[PDB]
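Written out below as structure tokens is the structure these notes cover.
Hydrogens, waters and symmetry mates play no part in the numbers below; they use all other heavy atoms, side chains included. Note on naming: letters A, B, ... go to the chains in the order of the sequence lines (proteins, then strands), and numbering restarts at 1 for each one.
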Amino acid sequence: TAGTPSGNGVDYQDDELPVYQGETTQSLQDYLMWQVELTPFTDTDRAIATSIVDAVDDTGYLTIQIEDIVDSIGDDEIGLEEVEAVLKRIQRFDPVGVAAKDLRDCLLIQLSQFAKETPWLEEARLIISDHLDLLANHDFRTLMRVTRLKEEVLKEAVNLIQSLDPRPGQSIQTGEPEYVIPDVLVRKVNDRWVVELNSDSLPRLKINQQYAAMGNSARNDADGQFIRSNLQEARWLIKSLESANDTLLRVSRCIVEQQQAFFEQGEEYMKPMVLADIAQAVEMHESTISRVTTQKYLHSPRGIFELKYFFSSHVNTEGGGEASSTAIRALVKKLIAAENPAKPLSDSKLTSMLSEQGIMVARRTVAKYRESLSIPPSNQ
Amino acid sequence: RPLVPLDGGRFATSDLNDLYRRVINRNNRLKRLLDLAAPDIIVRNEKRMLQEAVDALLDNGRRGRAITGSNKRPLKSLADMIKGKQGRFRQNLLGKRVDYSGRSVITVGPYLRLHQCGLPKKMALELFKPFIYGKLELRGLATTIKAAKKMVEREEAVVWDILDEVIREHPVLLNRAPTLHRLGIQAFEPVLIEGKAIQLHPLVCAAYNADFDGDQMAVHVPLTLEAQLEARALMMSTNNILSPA
Amino acid sequence: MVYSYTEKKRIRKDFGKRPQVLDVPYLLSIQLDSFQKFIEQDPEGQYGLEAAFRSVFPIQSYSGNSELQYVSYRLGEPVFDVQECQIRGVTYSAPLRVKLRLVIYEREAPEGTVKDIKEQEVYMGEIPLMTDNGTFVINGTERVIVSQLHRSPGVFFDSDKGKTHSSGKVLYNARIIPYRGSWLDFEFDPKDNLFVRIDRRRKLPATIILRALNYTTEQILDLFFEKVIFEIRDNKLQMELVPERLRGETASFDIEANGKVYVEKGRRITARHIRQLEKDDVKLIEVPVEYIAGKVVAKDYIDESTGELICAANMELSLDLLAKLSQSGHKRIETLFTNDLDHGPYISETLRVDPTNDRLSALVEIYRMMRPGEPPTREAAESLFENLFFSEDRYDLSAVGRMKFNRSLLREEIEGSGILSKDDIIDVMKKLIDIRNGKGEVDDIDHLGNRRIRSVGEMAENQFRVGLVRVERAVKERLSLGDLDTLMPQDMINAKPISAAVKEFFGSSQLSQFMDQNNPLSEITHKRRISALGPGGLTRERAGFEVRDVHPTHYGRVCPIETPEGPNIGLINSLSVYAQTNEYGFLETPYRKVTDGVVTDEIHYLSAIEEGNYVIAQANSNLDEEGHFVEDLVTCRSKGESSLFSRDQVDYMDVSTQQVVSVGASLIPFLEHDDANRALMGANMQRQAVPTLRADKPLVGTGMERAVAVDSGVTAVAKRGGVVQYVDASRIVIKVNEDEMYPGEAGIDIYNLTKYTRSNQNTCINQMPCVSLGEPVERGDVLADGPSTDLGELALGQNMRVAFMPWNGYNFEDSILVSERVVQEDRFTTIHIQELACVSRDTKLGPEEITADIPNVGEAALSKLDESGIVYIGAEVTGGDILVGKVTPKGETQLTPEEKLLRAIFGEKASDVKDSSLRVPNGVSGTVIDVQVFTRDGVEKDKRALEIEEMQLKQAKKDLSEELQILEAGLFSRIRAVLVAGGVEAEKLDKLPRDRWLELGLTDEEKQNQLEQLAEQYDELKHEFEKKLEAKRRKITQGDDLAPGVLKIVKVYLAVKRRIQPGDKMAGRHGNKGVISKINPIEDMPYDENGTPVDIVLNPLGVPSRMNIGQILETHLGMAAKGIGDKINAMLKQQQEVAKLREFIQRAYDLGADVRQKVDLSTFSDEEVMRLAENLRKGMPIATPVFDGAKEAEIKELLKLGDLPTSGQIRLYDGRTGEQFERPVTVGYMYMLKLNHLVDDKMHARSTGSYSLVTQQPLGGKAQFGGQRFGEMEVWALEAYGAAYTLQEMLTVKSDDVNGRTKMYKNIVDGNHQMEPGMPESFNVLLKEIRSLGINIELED
RNA sequence: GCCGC
DNA sequence: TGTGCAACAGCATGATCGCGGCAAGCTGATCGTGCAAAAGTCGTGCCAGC
Ligand SMILES: [Mg+2]
């Protein structure tokens, strides 16, 4: 290693019998319930506040309906008239705009708490937020005529709109778990692309299991011999770990030899690898190989980190033989990305171009591929 | 008995869970083998091993050697959790870490009265944060608790004025780490000072067995009408002048 | 000559009085010698991995007709130096290459071979290398490895103090320790029977181990006891005479010699009667038959008539048995001594204890006893006994163990086998038996002749061996299944175990730890540190009072001052300044030989036993010009004692008084006027001082500051110094003198001075040059000084003007009153450097990118970020400012219409990517100092990174082109000389480049030989320089092979200044510590008649009860030194002529009472006198050695020469009122240190934070925002007061009441102040834990 | 490992 | 006068060994299986909006 990162901060409970214990953390709802406790509320008001705080998502939005909140209470004199009042009180909390019904509600609540002398407060308070929101989503060229205002003033009214916070309530959120990957199966580039299995720790577990179980057995302080108590348990542990490691290594080897085309040259050279294809390769059932490849990750210099991605069973009735949709999806992404400023990319036109390239795909099949991670560039 | 998390998404089982897993595995294997009409020797071996696993779970290190984990130290059993200095009785209960607590080095204050002590103003505004929030919201400076929290975070001058009133008549307790006697902790009226060290009256140093060559004390706040009165009536320095020995 | 260039600049006035026979050693050679004997190869197997390789190899598989032949090894060149390793966070190591050959032996032909494959060397593991200072950079740290003091292998005899059975019975035991293997014990029970404890098992009698060596009881009886012959012929029954043994006995009957009475019956036994009997030559004499009744037969006499015989050895005889033996024809009967005067009944009783009389019986008995499992089959026991002892692999005494074993048994030979033989156990048992009988004595276990030292090289060798043995095991198996095609690399090279063991030892070990980097002296003390703990050592609680005591053999080996205080007292020690280690591993100290009545300058090193044997004189004993003692009777140490002896009686003399003081203690002036326990505190506190903004020399020293400063490796020392050519704040270039040079390529010296950098304790290490320009430099001179160093002298504090008086209660107890002038002048101000790092790793959502743009963050936080998104170099950051901008991707594949709307109004990401950026932690104020972006190979290089690369390569070419320029200048000079020799155009030739087209050809010889060779050398030099520059450039820009997950690493360094404050802790070097109580304005401090105020006020009450008299003497001597400096400064102000200034300097230097230091300004240059005077303008740096230094009279005459009061006390005035203090107040100069204890690092306050998941109780400790623990004694105090409500509020809410906490917080915010207490969660956890047992516990109503 | 006892 | 009973010494085992604070320092998971049963998904074709 040319350079090594510094060790990440870790801790463990010392001078405490239940080792490592734990640590409490603050969340969005925990921080909202803290504010509920410190504001003057009645018993029923506190109950409603807890009910609507429980329904706040991580983004801080209100996933459940107000009418559903009223239904949940199931109490007389708890109609939506007072549920709305408690809801507004909660919305005016430290993450301003939290617990909002929708995007319009966030912006309307956020704009309420301002100097009231903002240069374009009233220009964007309701005219842009509470009305013609879809126009602001679009270019809003006609919005200038709709609001009877010049484009110049709107050019900064939308600037203020963007200055307003998009999704309030995810700022207080911490985010300590980075969900990093150890990449149990590193693979490298050689004259034939060899692959290896790291983090096995089987010899490490073997040595520790020896020094503990076989160590106690070999220690002649105890009468007799502990040849069956733990000596024939460490062997089972080692055998289980080695069997799992061998199965994983063999399956990953089959995947690599089949998908070497992906790693070589361009990435989008995936074969539609079905579970049976590797099942016959290892002479083993597909279900056992499948369970194995569910969350195992490989480290690639350029390739994606995920065994399941290679399966792509997408014969797609391609012209010569078969193909894979994931490669077809990458092709569609690249084609749509590199187009004219108009960028038609019509699902009929895109399908015709793909068929000319040799991929006989239906017109609607390309549309589902595009809608998976993109939007039509004014193709309508 | 939660397992410990690891880098990425991996989880490591604590020593309490290892004993439970061993017991469950042995019990399941014995139960399955008992239905197969296995020879009595194997059944006896399995029964003895299950008995040993249960004994290790209840009190590891008894009747034989002690089961150890990945490293060569015994696994903590159920009995290793309720006994000893690190046990709940001596650690969690009979002694506890507490909120509203501080600590720093002590210096001498010769200008101090006997009932007074010098408190760093940076320790206060943290030891007395809820009181400051209450006074801020009571005087109309802050309407919501969020506003008061933001105002305290910025430490404006009016916050310092409010803090002084909070410290106007609220006794505080100072304690030195080896408390051989009750004179180990004494009550004082805090005096706000600019600095980072607690100023201690020279006449209580002998009772504290304290000197100004690196000693530190802890600070505790009695946030109760009863606790404040007890500090003023029982634990103040001007109260305990004669040694109760 | 007399003084070096660096020492002529400022000469310390030594007070000496005793010449030095030898100088002081490097003090870091130990570590260097050990590691050199480790990595370095040896023609024999004496030292180096070579010994381990020969111990393991050759290895052959069982019945494999296959061998591994080993031939040599080689260590590779490291890919990074120490600096790059330390900045990158990697280990500084070297690749290990070993050449080995595989030979296949013929199966058909016995002892014949068919194949022999000698392929090239193979690579296994990486060996960490120690730096020139004796440190191991592993994972970018320092990690010194501490030496260990353990018991040497051998044989030892003890007596357990004779208080075990409470009967007053002393129990003697013997013990054998090998280097590796099982142990052996011999013990005595209160019944006096031999017991053997093998490997700390159950007690077993010595007869079975005796018989397991094929020893029969009869044979054993003869060896165990001397036999006496009883002859019964013709009913006479005569007795053989042994007068020597017959010392104490009662004559049961008349004893007659040759028919004449010699000793009557019951006649008193007298040494005279025995002598008279021995004088008369007497043959065998008759005795009463009844006496033999108590005798015990030794042999087993056989009856010639029938096979029946009395073989019952260890048994007595009966009267009827006499008739049986007479009938059988037994004329002579053999019986053992049976005498108890000095000898005693042993072995035979143990024989009666156990009846096993066969080798097989003993073997099966020991196999069953030591291994209680399956019974053996005549083979398990036979194998086990060989495995226990005398096995080539399982058991081995070292060469030290064999030497000690032979020495303890008084054997002429020193060398021997590594395993014990049959005779060794016999000799040990015989010696143990004799010890009880009276001959011999028990040895001391704490004697330094029984305690050995292991350094880093030996431990590294041991760990390498375990990796070898581990790898060798796996190697054996694959030889069985290995075809001829198989090659060594394919013969289970197994580089994994060797490297794993090596890194395990070097990284995670008890004796491996970070080196203290507060000061150079602290690093030196850590490097020279001896520990009794560790793997082979003793645990803390297992130690006792006698182990931690000062032993008389500690004299010149370990200082009796420097040691930790609380738990580790007496278990961690330091080498004395002159101590050295034996090849076996025993501490030595040097002494001067004494021949006749005159000492000789020859020096011998003696171990504890060697010193004890001779009478050693004291260092402070007066001598004559010829070397003869001035006083007849002299003080000496003979055998752990001290008394008066004649000068001739002495055989050796102490080389120096310091011989008994550690290097750290050697730095305490007037140490002998300080209490030893108190001095301990001063020596310990000297290593906690932090270097300040500017180093200041001690005005009062001991003369050891230069050795510590130079030997620590902190300064820059001229390795081959010539003349200084270029100087800068970061570089020094020296033009080496031509008197010594390496032929070819000439050469210059380049030194890259270290700038501000983090230390292990977060302090700053910086180097500043001491030379100006064109200055001559000799070998070993100091060019630049490091942290806390001044002109090559250790300078770890500052010189304060101190008054000793009480000042209005502000120095009560140990408080220190400091003036504001100290704060204004930035004395005691330190720089602290911190390191923060940010790493980007690929995630399931996707790669983690580092960018300047950040969602949901205002422009204000991005003001200080670069285009990449990193704080600008030199930015000042506080609070929670953003250092590196990093965003992690989120997981989302269902585009909700609102999400599409959010993406429509806002950016494409719509702030979906979360914010995980490096922000400054609260309480941390720092200025951007250095950014260290590292990039993965293949990924796009960071925009900031290319700038770092450009700076790197620019510096590389800048420091590389100098040698090329010098070489090309030399070549041009040679060409110019050649063209001058013929066809010289002078300035015309010099104007045209390329030597004016090489000056055409001129003569044929010049064109063919001179010009052609010059052009060839020019081209070769240019090509070589270009290739070297290209190689350096290619090395600079390379992809960083990082961890598979890791994508990019960015490191940020912050620098802060620590202002001096009252809550801070200060100390002198006499054990006088204290914290600051007040910073006083300048007009309030006491001042003298000239209006000069003092800087510090110290309490006089701290001196007399501490016995810190060195404080006062140091203060007086500092006053004298500053007075002399003041006189010199006054003379320099008025620009007096050099002659009288030189005269006054000379008068000050030669003052004293016969001091050894002789300095004359006569041989001093006139300019050098001026420079020296300006250097000592502040004060004269006096030096008083440890036990041989200045006296009161000398201090007084120095005070007189400085025109100061002789008492050391002056008149002082109150700064607030102007009144004169009644009594005179002592005023002078003292060296004060600032320790690493600060209120900022020790001020914490919490109201409410996070809590542990278990017990629902707040966390503990700062850096975690914890609460103070209210322990058991605090609760006892609250109970004693009667404060029930305070205790309930501490025990319940505000601690573990989950609902009570929130209710109390709400009440306090509402201004109610009502507890409303509930039940703690810890008690619920306890109830659940108890119920999880079989016990039902409940709360009744 | 260190600090205050 | 030989015999049975109660008191005692020697040995093995268990339990305990001060209180606060700051650093630096770190553990993994296993079957497997084939098999249908179930759920789930992909390529393809629908009708409604522009
Ligand atoms: Mg103290």
Side-chain angles (χ1 to χ4, degrees), chain A residues 7 9 19-20 182 184 199-202 205 236-248 272 279 284-288 291-292 295 312-317 325 362-364 368-369, chain B residues 3-15 62 69-71 83-85 95 103 105-106 175-180 184 208-211 213-218, chain C residues 141 146 190 508 510 513-514 516 526 541 564-568 572 684-685 687-688 760-761 1065 1073 1235-1237 1241-1242 1244 1260-1263 1266 1268-1274:
Chain A
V19 199
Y20 157 70
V184 64
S199 178
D200 50 64
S201 66
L202 165 67
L205 169 136
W236 296 121
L237 192 45
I238 301 172
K239 262 59 217 183
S240 302
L241 257 61
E242 80 185 68
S243 62
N245 289 28
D246 296 314
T247 53
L248 171 62
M284 149 195 315
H285 190 239
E286 328 181 4
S287 169
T288 156
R291 295 177 184 180
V292 160
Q295 285 274 310
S312 59
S313 56
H314 314 297
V315 292
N316 59 293
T317 66
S325 80
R363 173 282 169 185
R364 196 37 193 75
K368 135 174 190 153
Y369 294 172
Chain B
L3 31 80
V4 184
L6 273 309
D7 63 300
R10 308 176 178 172
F11 278 110
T13 79
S14 65
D15 37 9
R62 278 234 175 132
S70 65
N71 75 92
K83 61 186 177 184
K85 49 203 315 174
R103 201 196 172 65
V105 188
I106 56 174
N175 158 77
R176 206 180 157 268
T179 311
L180 303 197
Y208 270 112
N209 194 35
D211 62 334
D213 64 349
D215 305 15
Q216 327 188 9
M217 302 216 174
Chain C
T141 326
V146 177
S508 177
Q510 312 170 240
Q513 73 281 65
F514 300 57
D516 312 359
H526 198 178
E541 302 79 58
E565 273 211 1
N568 285 319
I572 315 293
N684 274 337
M685 271 185 300
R687 317 181 286 107
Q688 297 168 343
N760 272 354
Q761 267 75 18
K1065 188 200 191 176
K1073 43 168 190 304
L1235 312 186
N1236 220 346
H1237 314 118
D1241 312 359
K1242 303 171 180 309
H1244 177 48
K1262 198 215 280 243
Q1268 297 316 302
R1269 176 195 178 67
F1270 207 68
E1272 220 162 351
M1273 299 174 139
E1274 283 80 347

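Distance check on atom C1': E:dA24 versus E:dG28 gives 24 Å, rounded to whole Å. Atom name P, nucleotides E:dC26 and E:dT30: the rounded distance is 26 Å, in whole Å. Separating the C1' atom of E:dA23 from that of D:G4 is a span of 16 Å, rounded to the nearest Å.
With E:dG28, E:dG20, D:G4 as the candidates, the nucleotide lying closest to the side chain of B:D215 is D:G4. When each of E:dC35, D:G4, E:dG21 is scored by its nearest atom to the side-chain atoms of C:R1269, the top-ranked nucleotide is E:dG21. The side chain of A:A244 sits closest to E:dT30 out of E:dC19, D:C3, E:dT30. When the nucleotides D:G4, D:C2, E:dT27 are ranked by their closest atom to the side chain of B:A177, D:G4 comes out on top. Between E:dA29, E:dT27, E:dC35, one nucleotide has an atom nearer to the side chain of B:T13 than all others, and that is E:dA29. For A:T288, the side-chain atoms get nearest to E:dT33 when compared with the rest of D:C2, E:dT33, E:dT44. In the set E:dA29, E:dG34, E:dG18, the nucleotide with an atom closest to the side chain of A:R291 is E:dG34. Closest to the B:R176 side chain, of the nucleotides E:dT30, E:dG28, D:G4, is D:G4. The listed nucleotides are D:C5, E:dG25, E:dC42; the one nearest the side chain of A:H314 is E:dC42. Which of E:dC19, E:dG28, D:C2 sits closest to the side chain of B:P178 comes down to E:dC19.
In this structure E:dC8 sits in no base pair that meets the Watson-Crick or G-U test at under 3.5 Å. E:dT44 is unpaired under the criterion used here, namely a Watson-Crick or G-U wobble arrangement in which both key atom distances are under 3.5 Å. Of the nucleotides present, E:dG18 is the one that pairs with D:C5 by Watson-Crick or G-U wobble criteria, both distances under 3.5 Å.
Note on C:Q688: only backbone sugar-phosphate atoms sit closer than 4.0 angstrom, heavy atoms only; bases stay farther off.
Put simply, A:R364 has no side-chain N or O that comes within less than 4.0 Å of OP1 or OP2 on E:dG45. Contact between the side-chain N/O atoms of B:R62 and the OP1/OP2 oxygens of E:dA15 is found at a separation under 4.0 Å. Within the 4.0 Å cut-off from OP1 or OP2 of E:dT27, not a single side-chain nitrogen or oxygen of A:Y20 is found.
C:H1244 and C:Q1268 are not linked by any side-chain donor-acceptor pair at a separation below 3.5 angstrom, with hydrogens and angles left out of the test.
Sugar pucker of E:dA15 is south, as judged by a negative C1'-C2'-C3'-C4' dihedral.
Listed by chain and number, the residues in a side-chain contact (heavy atoms from CB on, under 4.5 Å) with A:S287 are A:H285, A:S290, A:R291 (sequence neighbours excluded).
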